[PDB]
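K.L.:
Supplied in structure tokens, the structure appears directly below.
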Amino acid sequence: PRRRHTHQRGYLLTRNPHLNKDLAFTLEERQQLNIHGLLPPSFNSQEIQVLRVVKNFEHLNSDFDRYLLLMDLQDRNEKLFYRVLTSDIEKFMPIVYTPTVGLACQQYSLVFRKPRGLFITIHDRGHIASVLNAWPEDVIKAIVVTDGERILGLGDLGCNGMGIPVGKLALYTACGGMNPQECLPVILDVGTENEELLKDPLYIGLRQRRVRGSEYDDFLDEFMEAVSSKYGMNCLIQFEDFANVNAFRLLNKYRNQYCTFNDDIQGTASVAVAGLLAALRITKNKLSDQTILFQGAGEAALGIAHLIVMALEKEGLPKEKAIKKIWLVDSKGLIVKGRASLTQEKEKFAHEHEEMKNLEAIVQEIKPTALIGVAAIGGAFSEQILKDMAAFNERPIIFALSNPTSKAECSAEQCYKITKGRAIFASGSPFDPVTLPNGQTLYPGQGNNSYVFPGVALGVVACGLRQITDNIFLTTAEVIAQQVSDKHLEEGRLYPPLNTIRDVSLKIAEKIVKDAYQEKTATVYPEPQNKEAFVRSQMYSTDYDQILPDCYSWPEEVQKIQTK
Amino acid sequence: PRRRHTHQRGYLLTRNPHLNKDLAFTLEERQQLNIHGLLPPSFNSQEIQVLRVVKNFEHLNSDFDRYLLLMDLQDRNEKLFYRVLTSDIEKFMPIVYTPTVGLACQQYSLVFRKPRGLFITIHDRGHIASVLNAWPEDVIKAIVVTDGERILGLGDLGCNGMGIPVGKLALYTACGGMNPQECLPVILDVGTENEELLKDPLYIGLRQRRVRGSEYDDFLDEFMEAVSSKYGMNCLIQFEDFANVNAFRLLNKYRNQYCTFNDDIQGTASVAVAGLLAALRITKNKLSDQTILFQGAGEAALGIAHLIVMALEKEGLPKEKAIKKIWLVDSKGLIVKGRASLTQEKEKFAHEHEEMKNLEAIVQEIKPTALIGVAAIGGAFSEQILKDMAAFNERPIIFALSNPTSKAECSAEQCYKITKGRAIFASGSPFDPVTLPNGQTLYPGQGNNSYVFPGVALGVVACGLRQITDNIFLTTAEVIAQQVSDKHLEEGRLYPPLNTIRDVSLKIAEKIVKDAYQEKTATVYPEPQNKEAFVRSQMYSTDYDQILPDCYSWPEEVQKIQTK
Amino acid sequence: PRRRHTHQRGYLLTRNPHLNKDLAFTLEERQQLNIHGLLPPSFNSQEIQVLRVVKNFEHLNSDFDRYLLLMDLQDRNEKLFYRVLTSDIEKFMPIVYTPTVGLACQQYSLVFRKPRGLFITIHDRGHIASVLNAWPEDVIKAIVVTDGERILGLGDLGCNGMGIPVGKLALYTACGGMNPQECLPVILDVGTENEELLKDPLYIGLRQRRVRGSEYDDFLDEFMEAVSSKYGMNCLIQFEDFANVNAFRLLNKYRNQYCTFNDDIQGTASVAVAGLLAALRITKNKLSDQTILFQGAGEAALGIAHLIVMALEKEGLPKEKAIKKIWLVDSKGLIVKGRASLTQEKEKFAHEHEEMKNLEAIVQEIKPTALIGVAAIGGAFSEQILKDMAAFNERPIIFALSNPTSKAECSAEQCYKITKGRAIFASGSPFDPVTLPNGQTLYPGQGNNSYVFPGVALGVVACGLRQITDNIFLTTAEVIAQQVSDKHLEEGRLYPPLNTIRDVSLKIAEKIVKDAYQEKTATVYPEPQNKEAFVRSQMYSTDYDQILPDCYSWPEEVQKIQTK
Ligand SMILES: NC(=O)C1=CN([C@@H]2O[C@H](COP(=O)(O)OP(=O)(O)OC[C@H]3O[C@@H](n4cnc5c(N)ncnc54)[C@H](OP(=O)(O)O)[C@@H]3O)[C@@H](O)[C@H]2O)C=CC1
Ligand SMILES: NC(=O)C1=CN([C@@H]2O[C@H](COP(=O)(O)OP(=O)(O)OC[C@H]3O[C@@H](n4cnc5c(N)ncnc54)[C@H](OP(=O)(O)O)[C@@H]3O)[C@@H](O)[C@H]2O)C=CC1
Ligand SMILES: NC(=O)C1=CN([C@@H]2O[C@H](COP(=O)(O)OP(=O)(O)OC[C@H]3O[C@@H](n4cnc5c(N)ncnc54)[C@H](OP(=O)(O)O)[C@@H]3O)[C@@H](O)[C@H]2O)C=CC1
Ligand SMILES: CCCc1nc2c(C)ccn(Cc3ccc4nc(-c5ccccc5-c5nnn[nH]5)sc4c3)c-2n1
Ligand SMILES: CCCc1nc2c(C)ccn(Cc3ccc4nc(-c5ccccc5-c5nnn[nH]5)sc4c3)c-2n1
Ligand SMILES: CCCc1nc2c(C)ccn(Cc3ccc4nc(-c5ccccc5-c5nnn[nH]5)sc4c3)c-2n1
Ligand SMILES: [Mn+2]
Ligand SMILES: [Mn+2]
Ligand SMILES: [Mn+2]
């Protein structure tokens with residue numbers, strides 16, 4: 001076990017969730033820590049503590065009640081919290097993170113009990129350094145920050161968006177083995193445009209409209225200098241759930257000077273491309289053979305498209321040819337050269353072509369090999385679309401990435417039925433196994449951002465990468481695809497099973513670290529002989545640290561009290 | 001507003017439920033206490049915090065879940081918790097104490113989250129002093145202690161008994177203004193006979209049978225010494241939920257040397273007598289004039305009868321006259337001279353008489369003016385009993401004290417119906433108002449122990465009474481009955497409204513204090529001018545304290561930084 | 001030994017002079033306290049520690065430097081400091097207190113290093129309570145307070161007077177076994193009249209003239225309130241080195257409400273009367289037989305005289321007759337009826353007699369059997385006066401109480417020479433033993449206040465006396481006199497030896513405690529069986545406490561970590 005000799009003693013030690021073991025404290029520990037008597041007189045193994053929590057967990061009636069229970073656990077005993085989470089990652093992920101964390105953010109102001117994370121507001125402009133000073137952990141290696149302007153599919157929840165950094169960093173630890181004590185969740189509160197919350201007597205945020213323009217920009221600037229100043233330039237800064245206009249803009253602004261990335265853009269890209277790469281092992285052809293059609297042309301679609309182009313360039317195809325293989329549809333229709341209401345980023349994919357408004361006709365005209373839904377329009381992949389995709393393609397790739405199930409472009413059932421079982425399918429939300437007439441059962445997987453971010457962070461932090469290139473995300477996509485077995489593919493899965501996420505994260509971190517030492521981008525020296533064991537050594541374990549003083553004798557002659 | 005200049009700062013301050021205000025911390029408070037940023041950017045008044053708690057409380061689906069919410073609150077923000085309680089004492093008391101705390105204790109080992117109170121076990125024999133060292137508050141004035149052998153009406157729940165001292169002390173504070181910071185809930189774990197808990201892998205207590213005999217006696221001896229030695233002879237020690245045999249033995253053992261009482265014995269006698277005294281103002285005669293028949297002859301019965309005799313003596317009746325006014329019935333029947341299976345204590349009321357077993361006949365024979373049910377046999381005041389009571393008496397006094405209502409000697413509805421509205425009625429457990437055919441509504445009250453202990457503690461402590469005589473309990477009964485208005489009595493109520501209990505507690509303490517100075521038994525000096533103001537000044541307020549450093553300038557001449 | 005279980009650990013523990021043992025911490029203590037490595041790797045017994053300190057002490061070149069060394073010691077290791085002191089009380093007393101402390105106070109502003117004691121200024125008026133909150137010890141039982149207006153014979157030293165309360169409390173502990181952690185030295189800074197300090201750039205106090213009048217009076221009132229309110233009414237409050245009018249005035253004002261005394265007045269009275277009482281065992285006659293002449297009629301003379309009168313009334317003489325036995329001489333000369341410049345307090349001894357201004361003739365006129373010098377006029381007991389005293393008395397009682405040596409009414413040498421060895425002599429400042437012409441040596445002792453205050457404080461606090469009557473001082477004088485052996489009296493010693501002082505203090509306290517239970521004035525209950533052992537148990541030892549957690553096992557069955 002890890003040794004960490006605490007100077008804390010008495011009641012206040014029990015109040016630190018990194019020190020507190022509850023009933024797992026032995027008699028010897030309790031007496032030595034001066035807490036003997038503050039706990040009932042029984043001694044639990046971690047397995048006994050897990051049993052208690054699960055029994056409670058099962059007696060609860062909603063996902064929300066389940067979330068509240070686990071969050072109470074997080075704030076009492078960090079190690080037990082992660083022991084529970086990792087005892088069944090597939091069960092607990094959807095409780096502490098999406099989709100449930102969604103309801104928690106809607107209900108954040110109502111249920112606000114024990115705070116988690118650092119709140120920095122626009123009125124602390126010029127004073128961010130001293131806001132940081134309140135955080136009780138000096139050594140921080142990963143930050144997740146939101147301004148709450150675009151939480152999941154729920155829009156502007158302002159300060160209620162604190163649930164996202166908190167639950168995200170939970171997964172950083174549970175999935176990727178980041179040390180939670182080195183993790184810092186942040187919300188930047190500049191106001192909200194959410195009208196209910198402005199009216200709500202219980203709202204915990206700044207009761208004002210969002211501050212915009214160059215004052216916003218200068219506040220974000222200060223946030224970046226203060227954090228990197230205090231925690232070092234190797235501290236990872238991950239943005240989440242910013243508005244569309246800020247997300248790309250800020251990533252572009254900072255990415256070259258700070259150790260930062262944005263999961264809504266780059267993580268989404270990685271995991272989508274990972275699913276494509278896996279699907280290629282079914283179609284048995286190259287990426288350069290594909291024609292990609294995106295329904296949607298937002299953060300998801302443009303991030304994904306950017307990374308596909310990069311994979312195509314890696315395969316040898318020049319950029320301006322790569323781009324021609326990708327078509328976009330937005331709310332105004334197909335993106336083509338000279339259309340009204342194009343942006344500069346949309347314009348890169350504006351190929352010469354007749355304007356088209358209707359998706360079914362777009363499909364019939366473009367005849368994609370791969371059709372990616374990222375528009376949040378439920379049912380968009382209609383019978384005709386699916387019929388057409390199966391007409392044009394042996395094994396049509398169809399990704400219904402919109403979340404949750406209700407917004408999904410089609411179900412697994414509809415996809416497999418209408419394509420007579422030939423579609424290669426993945427989705428944003430889980431769908432049950434589907435059994436086809438011929439008696440095969442298909443297990444369509446989910447392109448979960450959780451395959452990507454935990455291992456990327458671990459990797460980056462472990463070797464001290466100073467910038468996170470888009471190449472890290474391409475390389476990661478390859479690693480993920482690599483973990484899918486032929487048997488998985490023939491089962492219809494494009495992703496490794498969820499329960500292996502801890503292993504996926506390790507392999508992702510391993511590859512990043514090997515690469516950084518290879519190409520001299522690593523900053524942590526001396527270079528480790530064994531990259532595998534080096535990364536493992538940097539992972540947080542759910543086993544309790546020993547915290548007692550190191551006790552040991554000296555030889556009799558020199559240990560004894562001198563008198564005469 | 002009260003002061004409290006803490007040295008605590010930063011994260012650990014927020015972990016102290018005595019310092020922590022959560023959102024009620026002003027911006028100046030947060031910045032000054034080095035916690036600015038650990039909380040979301042809104043500043044809430046205490047009422048706004050109350051609304052948040054109450055909205056939460058409301059959406060819960062059981063009293064148990066409501067208990068868990070309030071207990072979580074207690075352990076995060078002690079003032080807010082007490083503000084919640086006192087905002088509707090009649091609504092909250094059944095949730096934090098009886099009957100909900102009963103389920104809490106049953107379930108304590110399953111739902112155990114953060115500890116409250118001090119656990120002292122048989123195996124700490126010889127070390128109790130050092131166990132006391134773990135308690136983080138040095139200044140303790142009130143202790144509630146249990147061995148969990150006889151929790152409410154649920155029997156032996158061993159270490160799970162800890163719910164009782166915690167809930168009991170919450171009522172000390174909420175109902176009587178005892179400072180929670182100065183209160184110590186204690187469980188002595190000597191084992192349990194509870195077979196279910198002994199089998200239960202989750203049980204938090206010692207997994208062994210109860211230690212008996214001298215080993216136990218020596219342990220309690222050391223308990224009393226350690227506690228009074230550390231907290232001083234002025235510190236109140238209240239026994240609760242001991243086995244009846246022990247309860248009486250231990251009170252007898254310690255009452256003359258320590259500041260100790262037993263609420264199951266003495267508080268019960270006090271509140272029953274209080275009801276009787278109130279009833280005398282409807283019957284419009286003397287306690288002297290009554291013939292009392294007790295259904296039951298156990299801890300409740302013998303305690304109440306003892307105090308009745310003392311009230312009779314005080315009226316001017318000699319003991320041996322007093323005594324003949326009280327008859328008891330046990331499981332074997334009427335207590336009569338020379339009957340079998342009698343004890344020394346039941347002997348005091350063994351009058352010369354034919355043995356009888358049937359309560360209806362006993363009733364027809366004794367013809368009491370007052371029938372007091374304390375047998376825990378539901379339905380024992382039958383139709384015939386009620387009929388006879390109302391034929392023998394204009395206004396028959398009928399107390400159905402057995403708890404909960406399902407064990408009550410009769411319901412209020414039956415009592416009022418069969419006595420044709422003539423019975424003066426009180427119960428142990430709440431009954432609904434009853435409306436007579438003449439359109440008058442009667443509101444039978446409850447002889448809630450909560451009318452007695454909060455005020456008695458406040459009194460004993462405020463004036464430094466070294467011992468708690470039985471006369472304290474006679475006095476307290478008189479004070480309670482005196483708070484009942486003629487209007488209340490006309491409404492069938494024998495007790496002051498539960499929502500006034502703060503006031504009732506103050507008046508009880510006023511009287512104890514006034515008495516103590518008068519007959520020179522107080523130990524706090526100098527003697528206060530105005531005894532109401534003095535007691536008032538000893539009571540804990542739910543208002544937040546100010547804990548900011550005291551800041552004030554000096555004249556500039558002597559404040560200047562000297563130079564040369 | 002004694003146990004004090006601290007939650008302190010690591011560096012800061014070593015900064016607490018009550019926890020810090022330096023090299024006397026064992027290896028196991030160091031490891032357990034998280035300080036192993038902060039000390040060099042040798043383990044010293046207390047005696048080795050004492051040897052180091054004493055070696056340094058003897059290499060220094062002045063008493064002043066010795067003072068600075070021991071004061072540095074007091075501020076790093078309290079137990080070792082007091083071990084050193086007590087190892088040779090006669091040697092160390094004059095270093096930490098008079099006369100060396102006088103130089104310390106004159107130099108206090110220059111040599112100021114680490115603070116000791118609490119500074120409270122007139123500018124803190126209204127805020128005294130909050131000043132008290134800075135003191136890190138909540139349990140306070142003895143306070144010594146000065147305004148620094150009359151320090152020793154060095155007049156007004158303002159804030160530089162802090163040396164007096166500090167040094168005085170050291171003697172409380174060293175001499176009387178008061179717990180130093182329970183003692184609080186205070187200076188009240190209302191300004192100074194000292195022109196050299198007012199002019200000095202380094203002066204540490206308020207650079208202003210003294211606030212007089214009701215502003216002063218109101219300040220002192222708040223002080224008594226705040227201190228009694230925070231520490232309780234049993235907290236001892238000893239006034240020291242106030243101006244003369246203030247001292248009496250303040251003593252009269254508060255003595256009836258507060259547990260307070262003034263050592264300059266009452267301590268002085270007690271020790272001088274102890275000396276007288278001792279001398280009566282040489283002259284083998286009664287106090288009522290004496291004719292007493294005071295050279296001086298200030299604080300010392302009037303307090304001694306008042307206590308003599310009390311002792312005379314105790315022997316059986318009405319006050320009006322006892323008064324006749326005492327003659328005062330002031331700077332205007334013999335005090336008599338009608339005289340100009342008489343305060344109403346001198347009026348108490350203004351007998352019918354003609355004015356006289358020459359001491360020599362006052363002597364030859366009064367023919368006193370005892371002559372007491374408290375006028376601060378060096379050499380006033382001239383050869384002629386001494387010749388007369390020996391002519392008029394077989395054994396003249398002669399007290400040269402003025403301080404220091406240079407202000408003595410006569411030296412031991414001169415007194416013994418001129419009275420040809422028959423004078424019964426004691427002084428305020430120490431003289432060497434004197435070898436007479438017959439070759440016998442006499443050992444005049446010192447009427448040192450140290451004989452009185454440590455034992456008074458011990459007794460008062462031990463039994464919880466709420467006021468300190470003058471009778472305490474009379475009883476105390478008797479006790480000290482009883483400690484002088486006949487053999488000592490034959491050597492010319494009026495006082496028990498300085499190296500037995502702790503025993504004398506024990507005896508003084510025993511008597512106070514016996515008397516207080518005897519006449520029901522004690523407030524600590526229950527009454528101890530054995531008053532001797534009770535006072536002993538209250539005395540601070542110079543032995544180190546054990547501070548390690550109390551560790552002890554439970555039977556293996558219950559101590560076992562529980563699994564499934
Ligand atoms: N790993 C995963 O499962 C992930 C899934 N997603 C899913 O992708 C979806 C979109 O996310 P994101 O890109 O961040 O959102 P954005 O809001 O950035 O983009 C939404 C895009 O949809 C376009 N659009 C809206 N209506 C239509 C329509 N009727 N037909 C065609 N296009 C339309 C918008 O058009 P315009 O440009 O005209 O406004 C915009 O281009 C969500 O459902 C989300 O759940 C996202 C990230 C990850
Ligand atoms: N403030 C309140 O409202 C309070 C109410 N109570 C209630 O009073 C009831 C008794 O509690 P407590 O005195 O502590 O309990 P005990 O067990 O000490 O006393 C019970 C008594 O009932 C007797 N009894 C049992 N069966 C019968 C029967 N068929 N006929 C007559 N007597 C019978 C027992 O007889 P034997 O001695 O032969 O066994 C015993 O004397 C409980 O229901 C409790 O809820 C108690 C305290 C306070
Ligand atoms: N235990 C001990 O050893 C103690 C010794 N002392 C010593 O006693 C001395 C006086 O102390 P204290 O009473 O506090 O001082 P005060 O200043 O209160 O008293 C001084 C007294 O001496 C008088 N005086 C001054 N000059 C003469 C003179 N020429 N002839 C006669 N009387 C004169 C003053 O007279 P007037 O009233 O006219 O001003 C005044 O009455 C100091 O030297 C002090 O060291 C004091 C306390 C304890
Ligand atoms: C791992 C691959 C990630 C990646 N690296 C990239 C580089 C270097 C360059 C370009 N992209 C594409 C990209 C990625 C995301 C994105 N969201 C946008 C957006 C979305 C909605 C609304 C407005 C805007 C908006 N419009 N204009 N500004 N903001 S536009 C946009 C472009 C990249 N993607
Ligand atoms: C406010 C007045 C309270 C009060 N002061 C009292 C004094 C001084 C003396 C006597 N009583 C009566 C009293 C009070 C309670 C009690 N429980 C008992 C008991 C209960 C159950 C089972 C066995 C026993 C049992 N049987 N024999 N021993 N234990 S017996 C018993 C007597 C008093 N009540
Ligand atoms: C153990 C005996 C204690 C004791 N109890 C006493 C009681 C109750 C009453 C009187 N004395 C005598 C006493 C004791 C000290 C003292 N200093 C004074 C003083 C000295 C110098 C200058 C002005 C004043 C001054 N003049 N007027 N006010 N201040 S006058 C004075 C009287 C007492 N001594
Ligand atoms: Mn997101
Ligand atoms: Mn009870
Ligand atoms: Mn002095």
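Residues in the structure tokens are named by chain (A, B, ... in the order shown) and by number from 1 within that chain; ligands are numbered from 1 in the order shown.
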Kindly provide, as number ranges by chain, the residues of chain C having any atom no farther than 12 Å from an atom of chain A, counting only C-alpha atoms.

P.N.:
C: 5-13, 23-36, 40-51, 547-564

K.L.:
Find the spatial neighbours of residue 55 (chain A), counting only C-alpha atoms, within a cut-off of 12 Å - ignore same-chain residues fewer than 3 positions away - and output them as a VMD selection string.

P.N.:
(chain A and resid 48 to 52 58 to 60 66 69 84) or (chain B and resid 107 109 to 112 201 to 202)

K.L.:
Dump C-alpha atoms for the selected residues as a PDB file, in the first residue's frame?

P.N.:
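Everything below was put into part_28.pdb:
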ATOM      1  CA  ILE A  48     -18.076  -5.048   3.778  1.00  0.00           C
ATOM      2  CA  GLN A  49     -18.273  -1.258   3.125  1.00  0.00           C
ATOM      3  CA  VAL A  50     -19.185  -1.875  -0.511  1.00  0.00           C
ATOM      4  CA  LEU A  51     -21.913  -4.328   0.554  1.00  0.00           C
ATOM      5  CA  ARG A  52     -23.483  -1.688   2.829  1.00  0.00           C
ATOM      6  CA  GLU A  58     -30.718  -1.182  -4.369  1.00  0.00           C
ATOM      7  CA  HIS A  59     -33.384   0.034  -1.876  1.00  0.00           C
ATOM      8  CA  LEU A  60     -33.594   3.330  -3.835  1.00  0.00           C
ATOM      9  CA  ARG A  66     -29.018   6.772  -6.741  1.00  0.00           C
ATOM     10  CA  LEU A  69     -26.458   8.602  -2.607  1.00  0.00           C
ATOM     11  CA  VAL A  84     -17.977   1.269  -5.565  1.00  0.00           C
TER      12      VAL A  84
ATOM     13  CA  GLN B 107     -32.086   0.303  10.375  1.00  0.00           C
ATOM     14  CA  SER B 109     -26.487  -0.498  10.709  1.00  0.00           C
ATOM     15  CA  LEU B 110     -27.776  -0.526   7.111  1.00  0.00           C
ATOM     16  CA  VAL B 111     -28.014   3.250   6.625  1.00  0.00           C
ATOM     17  CA  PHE B 112     -24.975   4.231   8.695  1.00  0.00           C
ATOM     18  CA  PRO B 201     -22.862  -8.847   8.617  1.00  0.00           C
ATOM     19  CA  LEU B 202     -23.516  -5.078   8.596  1.00  0.00           C
TER      20      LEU B 202
END

K.L.:
Taking only C-alpha atoms and all ligand atoms into account, name the residue in B:389, B:273, B:89, B:415 that is nearest to ligand 5.

P.N.:
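Answer, going by the shortest atom-to-atom distance: B:273.
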
K.L.:
Could you build a table of the residues in chain A lying no more than 6 Å from ligand 4, giving for each the nearest pair of atoms and their separation in Å rounded to one decimal place, using only C-alpha atoms and all ligand atoms, ordered by chain and ascending residue number, as JSON lines?

P.N.:
{"residue": "A:244", "atom": "CA", "partner": "ligand 4", "partner_atom_place_in_ligand_line": "21 (C)", "distance": 4.3}
{"residue": "A:245", "atom": "CA", "partner": "ligand 4", "partner_atom_place_in_ligand_line": "29 (N)", "distance": 4.6}
{"residue": "A:248", "atom": "CA", "partner": "ligand 4", "partner_atom_place_in_ligand_line": "17 (N)", "distance": 5.0}
{"residue": "A:249", "atom": "CA", "partner": "ligand 4", "partner_atom_place_in_ligand_line": "29 (N)", "distance": 5.9}
{"residue": "A:265", "atom": "CA", "partner": "ligand 4", "partner_atom_place_in_ligand_line": "15 (C)", "distance": 5.6}
{"residue": "A:266", "atom": "CA", "partner": "ligand 4", "partner_atom_place_in_ligand_line": "1 (C)", "distance": 4.2}
{"residue": "A:269", "atom": "CA", "partner": "ligand 4", "partner_atom_place_in_ligand_line": "1 (C)", "distance": 5.7}
{"residue": "A:298", "atom": "CA", "partner": "ligand 4", "partner_atom_place_in_ligand_line": "20 (C)", "distance": 4.1}
{"residue": "A:299", "atom": "CA", "partner": "ligand 4", "partner_atom_place_in_ligand_line": "17 (N)", "distance": 3.8}
{"residue": "A:302", "atom": "CA", "partner": "ligand 4", "partner_atom_place_in_ligand_line": "14 (C)", "distance": 4.4}
{"residue": "A:303", "atom": "CA", "partner": "ligand 4", "partner_atom_place_in_ligand_line": "14 (C)", "distance": 3.9}
{"residue": "A:306", "atom": "CA", "partner": "ligand 4", "partner_atom_place_in_ligand_line": "34 (N)", "distance": 4.9}
{"residue": "A:307", "atom": "CA", "partner": "ligand 4", "partner_atom_place_in_ligand_line": "2 (C)", "distance": 4.7}
{"residue": "A:345", "atom": "CA", "partner": "ligand 4", "partner_atom_place_in_ligand_line": "30 (S)", "distance": 5.2}
{"residue": "A:470", "atom": "CA", "partner": "ligand 4", "partner_atom_place_in_ligand_line": "1 (C)", "distance": 4.3}
{"residue": "A:473", "atom": "CA", "partner": "ligand 4", "partner_atom_place_in_ligand_line": "1 (C)", "distance": 5.6}

K.L.:
Would you return as a ChimeraX atom specification the members of region 146-328 of chain A that DSSP assigns to helix (DSSP H, G or I) on this structure's backbone?

P.N.:
/A:158-176,180-182,195-199,213-231,244-254,263-283,287-289,299-314,319-323

K.L.:
Please identify all protein, DNA and RNA residues within 6 Å of ligand 7, counting only C-alpha atoms and all ligand atoms, and report them as an MDAnalysis selection string.

P.N.:
chainID A and resid 152 240:241 264

K.L.:
Residues within 6 Å of ligand 1 (only C-alpha atoms and all ligand atoms), as a ChimeraX atom specification?

P.N.:
/A:244,264,268,295-301,329-332,374-376,401-403,428,447-449

K.L.:
Got time to write the residues from that selection, C-alpha atoms, as a PDB file, in the first residue's frame?

P.N.:
ATOM      1  CA  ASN A 244     -20.770  26.560 -29.881  1.00  0.00           C
ATOM      2  CA  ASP A 264     -17.119  18.101 -26.876  1.00  0.00           C
ATOM      3  CA  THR A 268     -16.331  13.290 -29.960  1.00  0.00           C
ATOM      4  CA  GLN A 295     -26.697  15.146 -40.841  1.00  0.00           C
ATOM      5  CA  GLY A 296     -25.511  18.044 -38.685  1.00  0.00           C
ATOM      6  CA  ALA A 297     -22.673  20.508 -39.195  1.00  0.00           C
ATOM      7  CA  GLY A 298     -22.068  21.650 -35.613  1.00  0.00           C
ATOM      8  CA  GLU A 299     -19.303  20.902 -33.078  1.00  0.00           C
ATOM      9  CA  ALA A 300     -19.669  17.114 -33.490  1.00  0.00           C
ATOM     10  CA  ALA A 301     -19.854  16.987 -37.317  1.00  0.00           C
ATOM     11  CA  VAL A 329     -26.188  18.992 -44.037  1.00  0.00           C
ATOM     12  CA  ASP A 330     -27.266  21.788 -41.646  1.00  0.00           C
ATOM     13  CA  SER A 331     -30.674  23.223 -40.712  1.00  0.00           C
ATOM     14  CA  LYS A 332     -30.741  25.099 -44.040  1.00  0.00           C
ATOM     15  CA  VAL A 374     -25.273  14.484 -35.227  1.00  0.00           C
ATOM     16  CA  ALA A 375     -28.209  16.896 -35.572  1.00  0.00           C
ATOM     17  CA  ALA A 376     -30.347  15.782 -32.613  1.00  0.00           C
ATOM     18  CA  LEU A 401     -25.136   9.529 -32.516  1.00  0.00           C
ATOM     19  CA  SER A 402     -27.899  11.782 -31.220  1.00  0.00           C
ATOM     20  CA  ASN A 403     -28.771  11.554 -27.487  1.00  0.00           C
ATOM     21  CA  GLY A 428     -24.849   7.668 -29.023  1.00  0.00           C
ATOM     22  CA  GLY A 447     -19.545   5.800 -29.310  1.00  0.00           C
ATOM     23  CA  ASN A 448     -19.126   6.965 -25.697  1.00  0.00           C
ATOM     24  CA  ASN A 449     -16.763   9.929 -25.163  1.00  0.00           C
TER      25      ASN A 449
END

K.L.:
What do you get as a ChimeraX atom specification if you pick all residues at most 12 Å from ligand 8, counting only C-alpha atoms and all ligand atoms?

P.N.:
/B:97-99,101-102,144-155,161,163-165,167-168,238-244,247,262-268,299-300,403,448-450,453

K.L.:
Please provide the set of residues having any atom within 7 Å of region 274-288 of chain A, restricted to only C-alpha atoms, with same-chain residues fewer than 6 positions apart removed, written as an MDAnalysis selection string.

P.N.:
chainID A and resid 312 395 424 447 477:478 480:481 489 494:495

K.L.:
Filtering to C-alpha atoms, could you give me those residues as an mmCIF file, in the first residue's frame?

P.N.:
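This went into part-v7.cif:
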data_model
loop_
_atom_site.group_PDB
_atom_site.id
_atom_site.type_symbol
_atom_site.label_atom_id
_atom_site.label_comp_id
_atom_site.auth_asym_id
_atom_site.auth_seq_id
_atom_site.Cartn_x
_atom_site.Cartn_y
_atom_site.Cartn_z
ATOM 1 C CA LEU A 312 -7.212 10.403 -44.960
ATOM 2 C CA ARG A 395 -22.653 -3.046 -45.612
ATOM 3 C CA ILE A 424 -22.911 -1.674 -39.575
ATOM 4 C CA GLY A 447 -19.545 5.800 -29.310
ATOM 5 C CA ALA A 477 -8.963 6.438 -32.288
ATOM 6 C CA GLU A 478 -6.575 3.823 -33.743
ATOM 7 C CA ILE A 480 -9.557 2.085 -29.521
ATOM 8 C CA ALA A 481 -10.303 0.398 -32.884
ATOM 9 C CA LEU A 489 -16.997 -7.165 -35.251
ATOM 10 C CA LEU A 494 -17.486 -1.311 -33.255
ATOM 11 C CA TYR A 495 -16.275 -0.593 -29.728
#
